[PDB]
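Along the sequence shown, residues are numbered consecutively beginning with 1. Every number for a ligand or one of its atoms is a count from 1 in the order of the listing. Reckoned from all heavy atoms, side chains included, excluding hydrogens, waters and symmetry mates.
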Amino acid sequence: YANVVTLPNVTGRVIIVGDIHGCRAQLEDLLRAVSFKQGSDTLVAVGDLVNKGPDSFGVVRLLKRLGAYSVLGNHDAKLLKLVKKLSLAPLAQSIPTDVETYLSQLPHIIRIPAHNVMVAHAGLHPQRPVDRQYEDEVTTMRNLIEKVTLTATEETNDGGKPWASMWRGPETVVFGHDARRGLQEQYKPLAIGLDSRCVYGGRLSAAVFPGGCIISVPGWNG
Ligand SMILES: [Mn+2]
Ligand SMILES: [Mn+2]
């Protein structure tokens with residue numbers, strides 16, 4: 001099943017950021033926008049650190065030097081897949097060892113119990129145990145269709161409802177992935193969708209804990 005990492009000792013301030021997609025400049029602005037204090041705050045990404053943006057490599061190296069955490073996104077996953085096969089193609093041919101190593105160690109889910117939060121790239125199946133989730137679902141789901149009784153799907157043309165509307169907690173699940181829907185806040189405090197489309201010219205948003213307040217900055221203009 002999907003790999004889970006638990007951080008019981010993280011009781012300080014926690015910053016969770018949406019899809020970065022190589023928008024390093026934007027990430028720097030967001031860090032200044034929340035007054036990030038290295039050594040004090042803990043940073044956690046929702047995945048999709050690469051592709052589309054101007055600097056995929058810088059994004060990953062910045063997070064590395066900062067000691068930042070991140071779950072695995074589906075673009076990160078597809079890149080690793082393409083690479084192991086000794087526009088992800090151009091990226092696969094140019095990916096350096098360190099970057100590849102950082103991505104290769106990312107879990108699918110991160111639990112931050114002190115703040116009653118759970119991070120996954122796309123979402124969690126509301127009918128499966130946290131430790132018994134599936135990789136394809138946790139990194140690509142957008143919808144849930146009634147048919148153990150719900151089917152998770154990345155497509156939106158087969159009906160169903162947005163997965164987050166079906167989440168019941170008790171944990172607050174923070175995610176990204178679904179740029180088509182933008183920032184999702186109507187399910188607070190049980191869930192928070194942070195993919196505000198930074199790389200598409202929207203915004204780069206973050207959820208701050210304790211509190212669960214959303215702080216964002218302008219996205220990449222292209
Ligand atoms: Mn994405
Ligand atoms: Mn994604």
Assert yes or no for the condition that the ring centre distance of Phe175 to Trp163 is strictly below 6.0 Å. yes
Angle subtended at the Mn ion (ligand 1) by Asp19 OD2 and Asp48 OD2, to the nearest 10 degrees, is 90°
Answer with yes or no whether the side chains of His21 and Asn51 bring together a donor and an acceptor at under 3.5 Å. no
Assess whether a salt bridge exists between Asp98 and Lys64, defined as any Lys/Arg side-chain N lying under 4.0 Å from an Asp/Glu carboxylate O. no
Among the N, O or S atoms of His177, the one nearest the Mn ion (ligand 2): ND1
Any N, O or S atom of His121 closer than 2.8 Å to the Mn ion (ligand 2): yes
Is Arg128 salt-bridged to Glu137, going by a charged N under 4.0 Å from an acidic O? yes
Assess the side chains of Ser216 and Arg203: does a donor N or O sit below 3.5 Å from an acceptor N or O? yes
Mind checking whether the Mn ion (ligand 2) has an N, O or S of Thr140 under 2.8 Å? no
If you check every N/O/S atom of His21, which is the one nearest the Mn ion (ligand 1)? NE2
